[PDB]
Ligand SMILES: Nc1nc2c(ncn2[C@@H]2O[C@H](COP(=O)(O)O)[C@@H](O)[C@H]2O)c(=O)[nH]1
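Next comes just one chain, in structure tokens: the form deposited without the named molecule.
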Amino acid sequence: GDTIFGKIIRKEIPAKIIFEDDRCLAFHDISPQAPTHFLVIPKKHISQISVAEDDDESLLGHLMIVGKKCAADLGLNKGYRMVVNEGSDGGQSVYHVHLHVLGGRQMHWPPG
């Protein structure tokens, strides 16, 4: 099934895009939990990390490399936190794999 992130990838609804390539998209989160809070998502519709395949390893690592590069470009020189949520206990909100990147404030422990 389609999700709102599919609509964002397809440019059907607006989002504040930070970076795009042939295989992923980074954009600011509409409900930010830190002064900087963006998402990096694959264009391939993987519904959740628990169903990713071995062949997806490069793509998943690409989300993290893009995420760390965007974080540097956004001036997060004091650090940041990356989060992937899975399922109900993980608090996953959209069933399209997404990497949260949060910074601009002290992130606390435990991480939720």
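In this text, residue numbers run from 1 along the sequence as written.
Heads up, the form solved in complex with the named molecule isn't pictured, but that's what we're talking about next.
- The closest heavy atom approach of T36 to the named molecule in the bound PDB entry falls outside 4.5 Å.
- Using a 4.5 angstroms limit between non-hydrogen atoms, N85 touches the named molecule in the bound PDB entry.
- Although the partner is absent here, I30 sits close enough that one of its heavy atoms falls within 4.5 Å of the named molecule in the bound PDB entry.
- Heavy atoms of no residue among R23, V51 and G61 are located within 4.5 Å of the named molecule in the bound PDB entry.
- Residues of 91 to 108 that come within 4.5 Å of the named molecule in the bound PDB entry, judged by any heavy atom, are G91, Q92, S93, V94, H98, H100 in sequence order.
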